[PDB]
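In the block that follows, a single chain appears as structure tokens, in the form described as "closed state" in its entry title.
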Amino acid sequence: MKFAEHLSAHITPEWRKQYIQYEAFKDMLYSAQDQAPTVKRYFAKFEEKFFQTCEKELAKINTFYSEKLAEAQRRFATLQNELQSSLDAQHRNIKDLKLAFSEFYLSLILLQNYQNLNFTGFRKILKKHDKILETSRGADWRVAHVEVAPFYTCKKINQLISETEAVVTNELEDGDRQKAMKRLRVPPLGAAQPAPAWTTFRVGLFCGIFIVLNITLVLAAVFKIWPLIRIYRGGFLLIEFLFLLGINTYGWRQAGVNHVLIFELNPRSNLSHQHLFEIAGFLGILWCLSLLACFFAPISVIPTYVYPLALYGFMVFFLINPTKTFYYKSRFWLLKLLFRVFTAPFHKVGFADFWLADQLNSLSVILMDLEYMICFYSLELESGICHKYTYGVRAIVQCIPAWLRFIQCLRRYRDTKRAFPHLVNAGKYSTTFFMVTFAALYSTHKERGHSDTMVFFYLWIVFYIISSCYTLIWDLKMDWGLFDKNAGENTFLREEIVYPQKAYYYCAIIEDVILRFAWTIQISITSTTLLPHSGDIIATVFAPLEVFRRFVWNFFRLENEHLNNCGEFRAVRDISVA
């Protein structure tokens, strides 16, 4: 029943081009039926063409299966040699060995699913051809060729799988088959894994509560001592980022972008997009409750300043919660990633590290708000001293994410030794640093006229232009891999696009072009006191736009990275054991 959708949902993305072209065969059959009027010879010629195409596709599948089987055999030999060496040596090495064996087992299961799905598609398409042509020649062809093809008659995959299970359960699990077959089981993968009903119900309940509380907050603020906007902007931006990240995960899963492999996550257990949605909904519920408490102040004895403190403390505890509950695995992974990012020079820069550093760079408003709150607590508790003046530490705090990204680029240059990409990327962060420094200098000289304020203004404008152009060019050319000379039909894009619509690509181009300038203006204003009157409003309005731009950029960067992965037909992590 509707094998096309099943194949599309179950196809391994990295091997998408190597599967049965079921939709193409359906289109050919329908076109032949429509163009049918001498009729017998026309049908015979169409059948000959169909059989030639089927032979070509079968040869393609056979070749790909042979290459992947050879790769699996080589990986098995290497893993066996490494296991023998480790046994001869006889903690972290054993853990890496288990991870590598699990990855190899996943690869074997993926190849087995590839072969099974290809056979099923062959059978289904041949049956459909027989039904359309009212002839049984398709079944005869299937028996003659499809059922005798090497990709089917080759049972090496199953025996290799069994040998892997035996090795894992004997030499790694101490002869226990219960501990084995659990690390390596390969449950349903891709987009064919429905989420729990209770999770969806919780997502909906949280979304509804958040919507009602937002409506109530708007109504109260329109109908009814501490800067609430500055305090709560960070939380609002975090909730919006989590929601858009859930959307990003959903889109990656739908479009086949294997972010699981890109982020080096666990293929067997993953956090679904609805989990992110429910986390965002719960955090938004807490944020709205805190804001409503601040507005109405229900508990008179309890002051108004403790509500945001409790909200943020609960958020921090939830992220840090040592107990093995509330997505403890994902939270620990995120904590490790954050530790690696904030200490970038001392760890190798993987895709996850740079990606999270970019996310933080798009969320610098949270750090700015935290620093402003610290300043307000230290000094205010001259009205508005923190807002009326800017200092060097403010600029350093603003550039901290840019510093992290720049030093990550430097570390990547040191490791890979390739100069062009890493140095150019480190150059964009350098133009970002030069911008904030010049803005801060201009703001400092404005109050204390040093007679060089206009020179600094001109320099800041120039560097603003340079930084905006640098970031936009890097986003559209390198991060998104667009504007490539290899694109024939996809003008202003690359040869292969994973997402269905090119209009989406064009809209993303336009929105990124506008929002890069918007974000540059927002950061320049926030980092200093250029616009002391309305600057807070501009920053508040622009920060959600920055998060939206980061969300689109995540979409397209992950798409480009997934396309690069597809180029090498790499569907599993490369695990090296020390």
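Just count from 1 along the sequence shown to find any residue number. Only the largest set of C-alpha atoms that superpose within 1.5 Å between the two forms is called the rigid core.
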property: Cross-entry absence of residue 382, a third or more of other PDB entries; result: yes
property: Gap size, residue 91 back to residue 90 (deposited sequence, no coordinates); result: 10 or more
property: Between residue 224 and residue 225 - deposited residues without coordinates, as a size class; result: 4 to 9
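Keep in mind that the form described as "open state" in its entry title is not shown, yet the notes after this line are about it.
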item	value
2 Å-or-more CA mover between this form and the one not shown, where superposition uses the core and the choices are 545, 530, 509, 552	530
Exceeds or equals 2 Å, Cα of residue 448 between this form and the one not shown, core fit	yes
Residue shift check between this form and the one not shown, rigid core fit, residue 390 Cα at least 2 Å	yes
Relative Cα spacing, residue 233 and residue 531, in the other entry - shift of 3 Å or more	farther
Shift in CA distance, residue 400 and residue 388, in the other entry relative to the form shown here, given it is 3 Å or more	closer
